[PDB]
Amino acid sequence: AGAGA
Amino acid sequence: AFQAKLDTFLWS
Amino acid sequence: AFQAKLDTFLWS
Amino acid sequence: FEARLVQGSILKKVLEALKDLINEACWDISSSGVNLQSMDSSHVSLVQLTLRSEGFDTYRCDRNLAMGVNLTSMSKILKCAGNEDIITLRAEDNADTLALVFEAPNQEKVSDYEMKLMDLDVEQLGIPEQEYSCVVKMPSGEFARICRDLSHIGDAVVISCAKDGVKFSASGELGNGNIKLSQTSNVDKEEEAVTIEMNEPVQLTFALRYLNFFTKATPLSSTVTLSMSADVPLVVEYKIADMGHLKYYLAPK
Amino acid sequence: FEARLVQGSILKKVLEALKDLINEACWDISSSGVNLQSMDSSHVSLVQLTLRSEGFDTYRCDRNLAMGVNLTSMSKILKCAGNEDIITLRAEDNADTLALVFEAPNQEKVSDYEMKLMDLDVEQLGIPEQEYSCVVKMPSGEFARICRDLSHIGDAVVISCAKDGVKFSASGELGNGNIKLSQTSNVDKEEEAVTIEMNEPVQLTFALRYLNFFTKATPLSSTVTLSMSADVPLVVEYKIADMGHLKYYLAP
Amino acid sequence: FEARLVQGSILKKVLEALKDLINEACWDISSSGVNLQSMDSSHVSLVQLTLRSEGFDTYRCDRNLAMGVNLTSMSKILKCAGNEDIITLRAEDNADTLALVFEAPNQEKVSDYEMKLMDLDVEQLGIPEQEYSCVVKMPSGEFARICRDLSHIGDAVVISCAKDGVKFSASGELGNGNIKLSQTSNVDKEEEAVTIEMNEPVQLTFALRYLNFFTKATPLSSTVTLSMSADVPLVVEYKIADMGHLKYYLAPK
């Protein structure tokens, strides 16, 4: 569940 | 001395 | 780089 | 069942006064109001809360109700309440959950918590109701300070009450300490008077730890009332301003 | 590189807002200003700090510069600064150190600290893009209070946002709690107002822990802006004076 | 023995400033007043407390006397004193305890505590009185803040005193820090001026931990005086109200 944005 | 419990004083 | 004791500075 | 209280902070205080001493209790709700009563785990103290239905800014109770409550959880929920929040208690009508509703004073924030209840088997109801040899009324803060202080000295306190004044003595491995409070007589003091009603002199011994638990009710009342007779439990009474009281019974030593 | 800020408190306040969430971050310095950007160790959240050069009372940057900084160290150093001190960062030449100069507003006291920098050769990113379905502006203290509160109830908050208002929900063992905020009729004050710019209603669950780390940015702004769309990370945004912003990105 | 002192806080603060630095000490009560003199367990620092007898509201002294006490016990007892209490100290006994009486100023509360004494052998080797190379007078709070702040950086502080100002330096794992205090060129009749009386410049190194023990006496005075000469112990000096002084001597590194 990485941010990335 | 003695640490009493309240059970002796409770009214059953 | 080390602590000195106070005793040597007291009046003896 | 539905009870509305504008001074929600009261409730907060109440639970801060109970949550550490008792973790579970049953709430008797009736047309007369709300009664709680529960001894602590060690059977040495007993807590009795009474809030008359007339004290709430709204009250409606259709059936006698007895809801098992975990006071820790309810404390957590009341911690999410604001100090000036208007707090309403809502019961479903069946035995399911207890709703707590916190209205921010300006109506634009509303919180609703629904707390799971417990199934506890209620009983007893009765400390035996005495006429006491000594009744001391004093400021609550003063009492709190006295217990706090003497807990530094010893684990137990000896309350020696005579007509002139009351004495609080403690002894330990530090030494000992006496705190003497003289009765305020013709000197005009009201809230901060020390007034002693004495029939016979008393000299009882109690565990300071429990008292230091009781003093957590200090924010509820500017005075505390101590009722004493020999060889019977002590009554530490806090008035919940205009709507009732919160009293602690403590078995002696 | 030399950057001086009369209102040192802000810098203090920023480090406090960052140091616990990200221990080690790389500062990107240019004549445009400072851009800090980092994920936490779990890579769930993303902190993006921007401080444009115009906000500083003096700003020099010969060459675009990248400093590996331990933020707990820098915070410990900034606690040594008074709340009203004039704070000057200086890194003239990569000396492998960052100098901090705290000046008493009445000039009789001056401190200078030197901080060992870290080697962080993998670099940035920086994508604050998007149009969002819901954009909520609210008091920062209120949001903080709410995250803290619902942390009691559960470890996850459900944000349900519609035209009328926004709902914050939590469910746990003891029970459940819902905190409703209605869009206030008129905006005013140093902000007690709740504003909702909505294209489409949304509803997203986030971890309360991380939010409780974000709310450490409360001292920076009276307001906080929550930007949400489905299948994109929430953006918790605090405006920093007129010189920039602190944005937290939290994947749902 | 018998000594009364109206503002209790002083005493409280005095014992707050000592108990964690020195565990037990001997109180030399003479007609001239009260003198404590004790090194910490490690003999790196020396506390010299003086409380002249005229600074007391009431002072009596039959015999010169040496009372060995546990400062931790005494501090724990003074916690039970109100900040505005009138504190009486009384030890005129042959079976020696120390009585501490706390009178709440204008109310009916009187506390009395008995504290068991100890036999400690007095010596007072004493520091030779000299005129120092540098004397730095500054606000106490500032000194406290500096020692605390530099303890964040390193374990030892280098004090560089010249004519213009004084510098406090430290270095450790994080890196280093220098804090410069110029001599104050400011108006105000308040006590935040930094004044330096220098005969010759000094640069000396001291253990920050001990200084962080010293700074606990900050509540006692608005200023602190630092006295320095090459290769001799630092003197950190706080005025105790206006009735005496508290001196810390710290062997250099």
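Protein chains in written order, with the working numbering: chain Y, 1 to 5; chain P, 1001 to 1012; chain R, 2001 to 2012; chain D, 3001 to 3253; chain B, 4001 to 4252; chain S, 5001 to 5253. Think of the CB as a built atom: it goes at the ideal place given N, C-alpha and C, for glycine as much as any other residue.
Out of the options, which one is the CA nearest neighbour of residue i?
i, options, result
"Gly5082(S)", "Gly5068(S), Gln5107(S), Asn5094(S)", "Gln5107(S)"
"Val5135(S)", "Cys5080(S), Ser5221(S), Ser5160(S), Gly5008(S)", "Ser5160(S)"
"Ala5217(S)", "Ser5030(S), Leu5117(S), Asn5094(S), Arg5145(S)", "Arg5145(S)"
"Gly3154(D)", "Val3166(D), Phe3214(D), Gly3175(D)", "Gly3175(D)"
"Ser5038(S)", "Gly5055(S), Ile5029(S), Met5074(S), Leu5018(S)", "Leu5018(S)"
"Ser5182(S)", "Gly5172(S), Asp5119(S), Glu5190(S), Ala5162(S)", "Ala5162(S)"
"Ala1001(P)", "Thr3215(D), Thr3205(D), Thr3223(D)", "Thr3205(D)"
"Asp5093(S)", "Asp5164(S), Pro5105(S), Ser5111(S), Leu5117(S)", "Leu5117(S)"
"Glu4191(B)", "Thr4223(B), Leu4211(B), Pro4201(B), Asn4178(B)", "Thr4223(B)"
"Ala4025(B)", "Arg4052(B), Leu4051(B), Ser4171(B), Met4074(B)", "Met4074(B)"
"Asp5112(S)", "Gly3177(D), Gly3008(D), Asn3023(D), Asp3028(D)", "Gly3177(D)"
"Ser2012(R)", "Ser5041(S), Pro5128(S), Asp5028(S)", "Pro5128(S)"
"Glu4173(B)", "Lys3076(D), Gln3048(D), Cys3147(D)", "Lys3076(D)"
"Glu4142(B)", "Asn4199(B), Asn4212(B), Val4122(B), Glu4016(B)", "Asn4212(B)"
"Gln3130(D)", "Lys3180(D), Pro3233(D), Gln3048(D)", "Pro3233(D)"
"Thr4215(B)", "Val4047(B), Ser4009(B), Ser4041(B), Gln4007(B)", "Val4047(B)"
"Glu4200(B)", "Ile4179(B), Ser4171(B), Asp4164(B)", "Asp4164(B)"
"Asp5057(S)", "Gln5007(S), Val5101(S), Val5122(S)", "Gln5007(S)"
"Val5122(S)", "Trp5027(S), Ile5179(S), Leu5100(S)", "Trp5027(S)"
"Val5166(S)", "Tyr5210(S), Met5198(S), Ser5151(S)", "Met5198(S)"
"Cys5147(S)", "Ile5196(S), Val5101(S), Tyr5210(S)", "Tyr5210(S)"
"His4152(B)", "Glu4016(B), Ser4171(B), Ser4140(B)", "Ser4171(B)"
Residue i and residue j: beta carbons closer than 8 Å?
i, j, result
"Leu5220(S)", "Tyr5248(S)", "no"
"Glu3002(D)", "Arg3063(D)", "no"
"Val4194(B)", "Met4138(B)", "yes"
"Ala5156(S)", "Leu5226(S)", "no"
"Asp3085(D)", "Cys5080(S)", "no"
"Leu3005(D)", "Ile3029(D)", "no"
"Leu3036(D)", "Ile3087(D)", "no"
"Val5202(S)", "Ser5133(S)", "yes"
"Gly4068(B)", "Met4243(B)", "no"
"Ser4045(B)", "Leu4250(B)", "yes"
"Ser4009(B)", "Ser4031(B)", "no"
Am I right that residue i and residue j are in contact with their C-beta atoms under 8 Å? What's the rounded C-beta distance?
i, j, result
"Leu5089(S)", "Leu5098(S)", "7 Å"
"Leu5049(S)", "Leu5246(S)", "5 Å"
"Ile3240(D)", "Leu3071(D)", "Not confirmed; about 16 Å, so no contact."
Using DSSP bridges, identify the partner residues of residue i.
i, result
"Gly3244(D)", "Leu3051(D), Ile3240(D)"
"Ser3160(D)", "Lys3167(D), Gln3203(D)"
"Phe1002(P)", "Its beta-bridge partners do not exist; DSSP assigns none."
"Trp5027(S)", "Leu5036(S), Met5067(S)"
"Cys3134(D)", "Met3198(D), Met3228(D)"
"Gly4175(B)", "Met3115(D)"
"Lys3109(D)", "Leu4181(B)"
"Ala4003(B)", "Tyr4059(B), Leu4089(B)"
"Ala4099(B)", "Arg4090(B), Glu4114(B)"
"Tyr4249(B)", "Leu4046(B), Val4235(B)"
"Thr4223(B)", "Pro4139(B)"
Using a 10 Å radius around the Cβ and a threshold of 16 neighbouring Cβ atoms, would you call residue i buried or exposed?
i, result
"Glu4114(B)", "buried"
"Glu3103(D)", "buried"
"residue 2949(D)", "Past the boundaries of the shown model lies residue 2949(D); chain D is included only from 3001 to 3253, so the question cannot be answered."
"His4043(B)", "exposed"
"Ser3229(D)", "buried"
"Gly5033(S)", "buried"
"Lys4109(B)", "buried"
"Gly2(Y)", "exposed"
"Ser5169(S)", "buried"
"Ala5091(S)", "buried"
"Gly4(Y)", "exposed"
"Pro5105(S)", "exposed"
"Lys4189(B)", "exposed"
"residue 2945(D)", "The first residue shown for chain D is 3001 and the last is 3253, placing residue 2945(D) beyond what the model contains."
"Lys3013(D)", "buried"
"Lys2005(R)", "exposed"
Within 7 Å: the Cβ of residue i and any heavy atom of the ligand COA?
i, result
"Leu4211(B)", "In the structure on display, the ligand COA does not appear, and there are no ligands present to speak of."
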